[PDB]
Amino acid sequence: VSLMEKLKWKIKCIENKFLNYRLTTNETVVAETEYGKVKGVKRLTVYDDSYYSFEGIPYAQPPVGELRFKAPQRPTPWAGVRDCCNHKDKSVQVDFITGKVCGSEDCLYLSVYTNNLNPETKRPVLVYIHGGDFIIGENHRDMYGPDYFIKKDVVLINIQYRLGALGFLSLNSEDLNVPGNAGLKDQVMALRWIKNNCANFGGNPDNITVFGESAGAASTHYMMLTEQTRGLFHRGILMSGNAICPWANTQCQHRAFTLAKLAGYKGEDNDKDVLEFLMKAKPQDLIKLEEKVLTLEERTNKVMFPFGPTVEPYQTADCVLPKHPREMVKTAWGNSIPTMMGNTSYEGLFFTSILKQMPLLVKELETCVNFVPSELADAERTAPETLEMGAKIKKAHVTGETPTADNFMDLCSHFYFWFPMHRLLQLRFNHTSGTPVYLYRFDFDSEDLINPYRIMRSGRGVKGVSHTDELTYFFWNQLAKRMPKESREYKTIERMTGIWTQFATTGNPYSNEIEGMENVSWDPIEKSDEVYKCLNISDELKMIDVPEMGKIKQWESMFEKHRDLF
C-alpha cells in the first residue's frame with residue numbers, strides 16, 4: 001500500500017478517535033452475565049440513532065502461555081462490574097495498511113449491541129463472524145460498526161477468534177493436544193456464550209442467526225456442520241463463501257515445522273520439539289513469517305494460506321472437524337435450518353491487485369490447468385484429462401483468442417465462489433429434506449460510500465461489484481459518512497439490513513415493507529430446479545435466473561467421468 005494511502009489512513013484513524021468521542025454519551029448501564037456484571041455505554045450514530053454498546057466481553061480464557069495453540073477454555077467469572085465501555089485488542093495479524101504486525105494474543109472477546117435493553121419481547125439475535133482469510137480481521141467498530149443494524153429491533157453480536165498460525169496450527173502427535181482448528185473452537189465457545197447470555201440484553205435464545213462474509217461465511221458454514229453446536233442457532237447466512245470452497249480447508253500438518261524453521265528452530269522434525277519452539281516464540285514473529293510458509297508448488301496449486309481450517313487427525317472432546325467438509329455436509333444438523341447464500345456480481349474483481357503485481361498470471365488461462373479442482377488434477381497438471389478439464393474452464397471464460405485480465409477475474413468468481421456454492425447446494429439437497437435455501441446476488445455499485453477493503457484491493461476508480469463491496473451497506477467503518485436519506489446508497493443500507501433482519505426474524509427474507517420489493521416474490525431453490533433463481537439487488541430489487549448458471553454447468557462438466565467426486 002502506498003505511502004499516500006498510509007498517510008490518508010493514519011489521518012482517518014485520528015479523525016475516527018474524535019468522531020468516536022463525540023458519538024459517546026455519559027449514559028452508562030450495567031447488565032448481568034453468567035460470568036458477572038458488565039458496564040456498557042450508549043452511543044450515537046451519524047444518523048442520530050443511539051444504542052447500548054458492550055465491548056470486550058470475554059468468552060474464553062486468554063489463550064496465552066500453555067494455552068497457546070490449544071482449544072479455548074471457559075472464562076473465569078468475576079464479582080464487581082467489568083468495564084465494557086472500551087474495545088479489546090484484535091488477534092495478532094499483519095495490518096493490511098501499514099504492513100506491521102499488530103494485535104495481541106489476548107483477543108477472545110465479543111461485543112453486544114442493541115437499541116433497547118428491555119424490549120417488550122425478546123428480539124432476534126444476529127451473530128457476525130468476520131472474514132479476512134483466517135489471517136486478518138477484528139470486531140472493532142472502525143471496520144464493523146453496528147450503526148445501521150441498530151435501526152432495527154435486533155440484538156447484534158460481533159465476535160473475534162484466533163487467526164493465522166495461532167488459531168490454526170495442527171500437529172499429528174496425539175500426546176500434544178494441538179489437533180487443529182483452535183480458531184473455530186473459539187467460535188463455538190462464543191456461540192455457547194451467546195446462547196446462554198443473549199437474554200440478558202433482550203435477545204431471544206430460541207431465535208439466533210449466524211452470518212459471515214468470505215472466511216466468516218466459511219466459518220458460519222462450519223458452525224452449521226459441526227456437532228459441537230447442534231441446535232445452538234436457527235438461521236444461517238453465507239455471504240460469498242462456504243466450507244467447501246477450495247480456500248476454506250487445508251492440510252497444514254507439515255507446515256508447523258516450516259514455520260519453526262523460518263523462525264530459527266534448530267533440530268529434527270518432530271512434533272514435540274517443533275511445538276516447544278513455537279510455544280516460546282514471540283507471537284508477532286510467527287505471524288510476520290507466515291507469509292513465507294507456503295511452497296512454490298503449493299501457491300501454483302492455489303493453496304491460499306499456510307494455516308486454516310483442517311481435518312483434525314484424531315478425536316478429542318472439543319473436535320470441530322473430524323472429517324472432510326464434504327463428508328461433514330452429509331450429516332450436518334445445520335442442513336435443517338433456514339439458510340440464505342449469495343455472492344456479488346463481479347467477485348473476482350478483488351484480485352485486480354494481485355494481477356497488477358503478477359501480470360503473468362493471466363497466461364494461466366492459456367490452458368486453465370491450474371484452475372482445475374485439485375481433487376481431479378494430476379500432480380504436474382500435465383495429464384490429458386487435466387488438459388481436457390482445463391479446456392472446459394477456458395471455453396467458459398476466455399472470450400477471444402488471447403486471455404485477458406477480465407477473463408481471469410471472471411474465472412476467479414467461479415473458482416472461488418460460484419462453483420463451490422453449486423457443489424454445496426446439490427450436496428445439501430441430497431442429505432436433507434424440506435428446509436429452504438434462498439439465493440441473493442449483490443449487484444449494487446457505488447464509489448460514494450466505500451470500505452477499507454477497497455484500499456487493500458487497489459480498487460479506487462474500478463467499476464463493478466467486487467468481493468467485500470456489500471459490507472459497506474451492512475456496517476459502519478471509519479471511511480464512511482452520513483449519506484442523504486434519498487441517496488441510492490442509503491436506500492441500499494435499509495434494503496440490506498432490512499432483508500437480513502427479516503430473514504433472521506422469520507427464516508424467510510421476503511417482506512413487502514422493503515422498498516423495491518413489491519413486484520417481487522422470493523422462492524427458495526428446489527432440488528428439481530435446473531436453473532437457480534435469486535433476488536438480484538441493484539438499484540432495483542428483482543428475481544432473475546442466476547446469470548452465472550451457464551458457466552456453472554460448464555465447471556460441473558469437468559466431473560463427467562467422476563460423478564462421485566462432484
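Residues numbered from 1 in each chain as written, not as in the entry; some residues may be left out. Heavy atoms only, no water.

For this entry, the PDB record names X-ray crystallography as the structure determination method and reports a resolution of 2.01 Å.

S.K.: What is the right way to look at the overall build of the protein in this model?
M.R.: Helix and strand content of the protein: 15 helices and 15 strands. The globule rule puts the C-alpha radius of gyration for 566 residues at 24 Å, and the 23 Å found for the protein is close to it. Along the longest, intermediate and shortest principal axes, the C-alpha atoms of the protein span 70 × 65 × 50 Å. Here the protein, with 566 residues, has 60% of them falling under the buried criterion. Element-wise, carbon and sulfur atoms account for 50% of the exposed surface of the protein, whose accessible area totals about 22,800 Å². Side-chain charges in the protein split into 67 positive and 73 negative, and the spacing between the mean points of these groups amounts to 3 Å. (Helix = DSSP H or I, 4+ residues; strand = E, 2+ residues; numbered from the N terminus. Rg over C-alpha atoms; globule rule 2.2 N^0.38 Å. Buried < 20%, exposed > 50% of the residue type's maximum accessible area, 1.4 Å probe, protein only. Areas by Shrake-Rupley, 256 points an atom, 1.4 Å probe, with all protein chains shown as cover. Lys, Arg positive; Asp, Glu negative; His and termini not counted. Charge placed at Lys NZ, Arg CZ, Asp CG, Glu CD.)

S.K.: Hey, could you run me through the state of the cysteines in this one?
M.R.: Think of a disulfide as a covalent bridge from one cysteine sulfur atom to another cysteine sulfur atom. Applying the stated criterion across every chain, the model contains zero disulfides. In this structure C84 is a free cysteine whose sulfur lies 7.3 Å from that of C85, the closest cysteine sulfur available. Residue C84 is classed as buried on the basis of its relative accessible area of 0%. (Disulfide = S-S within 2.5 Å.)

S.K.: What am I meant to see in the pairing of strand 9 (residues 155-159) here?
M.R.: Along any regular strand the residues' side chains alternate between the sheet's two faces. Counting buried residues in strand 9 gives five out of five residues, a clear majority hidden from the surface. With five bridges joining them, strand 7 (residues 109-114) and strand 9 adopt antiparallel strand pairing. Across the sheet, the residue bridging to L110 is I159, located in strand 9. As paired strands, strand 8 (residues 123-129) and strand 9 are joined by five bridges and run parallel to one another. Its bridge partner being in strand 9, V127 is matched across the sheet by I157. (Pairing = 2+ DSSP bridges.)

S.K.: Where do I start with the environment of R441 in this structure?
M.R.: Looking at the element boundaries, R441 is found in strand 13 (residues 437-442). In sequence terms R441 and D539 are 98 residues apart; their C-alpha atoms lie 12 Å from each other. Here the side chain of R441 touches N536 through a polar contact of 3.0 Å, side chain to side chain. (Polar contact = N/O pair within 3.5 Å; in protein donor to acceptor, adjacent residues only side chain to side chain.)

S.K.: Would you explain the nonpolar core in this entry?
M.R.: In terms of nonpolar packing, the biggest core is built from 170 residues, with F54 and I194 touching the most fellow members. No other element matches helix 12 (residues 405-429), which puts 14 residues into this core. With residues near it in sequence (within four places) discarded, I194 still touches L110, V125, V127, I157, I159 and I208. Counting residues in hydrophobic clusters, the runner-up holds five residues, among them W9, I97, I450 and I455. (Core = buried A, V, L, I, M, F, W, Y, C linked by side-chain atoms within 4.5 Å. Contact = heavy atoms within 4.5 Å.)

S.K.: Just checking my understanding: could you explain the environment of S104 for this structure?
M.R.: Positionally, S104 belongs in the loop between strand 6 (101-102) and strand 7. The exposure class assigned to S104 is partly exposed, which follows from its relative accessible area of 21%. On a C-alpha basis, the gap between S104 and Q93 in space is 8.4 Å, while along the polypeptide they are eleven residues apart. Not counting residues up to four positions away in its chain, the partners in contact with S104 are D89, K90, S91 and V92. Within the structure, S104 has its side chain in polar contact with the backbone nitrogen of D106 (distance 3.0 Å).

S.K.: Mind showing me how you'd approach the side chain of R162 here?
M.R.: Its location among the elements puts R162 in the loop between strand 9 and helix 2 (164-168). Judged by relative accessible area, which is 3%, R162 ranks as buried. A polar contact is formed between the side chain of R162 and the backbone oxygen of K70, at a distance of 2.9 Å. Separated by 2.7 Å, the side chains of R162 and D186 make a polar contact.

S.K.: What exactly am I supposed to notice about the pairing of strand 8 here?
M.R.: Most of strand 8 is tucked away: seven of the seven residues are buried. Bridge count between strand 8 and strand 10 (residues 203-213): six bridges; the pairing is parallel. Note that in strand 10 the partner of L126 across the bridge is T209.

S.K.: Would you take a moment to explain the pattern of salt bridges for this structure?
M.R.: Between side chains of opposite charge, a pair can form when the charged atoms approach closely. As enumerated under the stated definition, the model contains 31 salt bridges in all. Between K90 and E138 there is a salt bridge, with the nearest N and O atoms lying 2.8 Å from each other. Pair noted here: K90 is in the loop between strand 4 (81-83) and strand 5 (93-94) and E138 is in the loop between strand 8 and strand 9, with a separation of 48 residues, a long-range link. Considered together, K90 and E138 belong to a single accessibility category, that of buried residues. Note that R123 is salt-bridged to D153, the shortest N-O span being 3.4 Å. Linking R123 in strand 8 with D153 in the loop between strand 8 and strand 9, this pair joins segments that are 30 residues apart in sequence. (Salt bridge = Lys/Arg side-chain N within 4 Å of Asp/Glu carboxyl O.)

S.K.: Explain the packing of helix 11 (residues 384-397) against helix 15 (residues 549-556) here, please?
M.R.: The description of two packed helices rests on the angle between their axes and on the distance between the axes. Here helix 11 crosses helix 15 at 170°, and the two axes come no closer than 9 Å. Taken together, helix 11 and helix 15 sit at an angle that is classed as roughly antiparallel. When helix 11 is examined against helix 15, the residues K392, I393, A396 and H397 are found in contact with a partner set consisting of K551, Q554 and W555. Here the contact of helix 11 with helix 15 is composed, by residue class, of three nonpolar, two polar and two charged. (Axes fitted to C-alpha atoms, helices over the stretch in contact; angles between N-to-C directions. Parallel < 35°, antiparallel > 145°, perpendicular 65-115°, else oblique. Nonpolar A, V, L, I, M, F, W, Y, C, P; charged D, E, K, R; others polar.)

S.K.: Teacher, can you tell me more about helix 4 (residues 215-225) here?
M.R.: Side chains of residues three or four places apart in an α-helix project in the same direction, reflecting 3.6 residues per turn. The buried count for helix 4 comes to eleven of eleven residues, which makes it a mostly enclosed element. Residues of helix 4 that are buried include every one of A215, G216, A217, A218, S219, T220, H221, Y222, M223, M224 and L225, and no others.

S.K.: Looking at this model, I keep getting lost on helix 1 (residues 3-23). Mind explaining?
M.R.: Over its 21 residues, helix 1 extends 30 Å from the first C-alpha to the last, a length consistent with the 30 Å expected when each residue adds 1.5 Å. Of all the positions in helix 1, only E5, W9, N16 and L23 are classed as buried. Projection of helix 1 onto a plane perpendicular to its axis shows the buried side chains occupying an angular sector of 50°, all on one side. Of the exposed residues in helix 1, the ones pointing more than 90 degrees away from its buried face are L3, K17, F18, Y21 and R22. Buried residues along helix 1 sit against strand 1 (24-33), strand 2 (36-44) and helix 13 (453-456). (Expected span 1.5 Å × (residues − 1). Arc of directions from axis to C-beta.)

S.K.: What is the right way to read the packing of aromatic side chains from this model?
M.R.: Within a pair of aromatic rings, the relevant descriptors are the distance that separates the centres and the angle that separates the planes. Tallying each qualifying case throughout the model produces 36 aromatic pairs. Ring plane angle 85° and centroid distance 6.3 Å describe the contact between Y438 and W522, whose orientation is recorded as edge-to-face. Here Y438, found in strand 13, pairs with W522, found in the loop between helix 14 (488-506) and strand 14 (533-537); they are 84 residues apart in sequence, far enough to count as distant. Using a relative accessible area of 5% as the deciding quantity, one classes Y438 as buried. (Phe/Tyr/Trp six-rings, centres within 6.5 Å; stacked < 30°, edge-to-face > 60°.)

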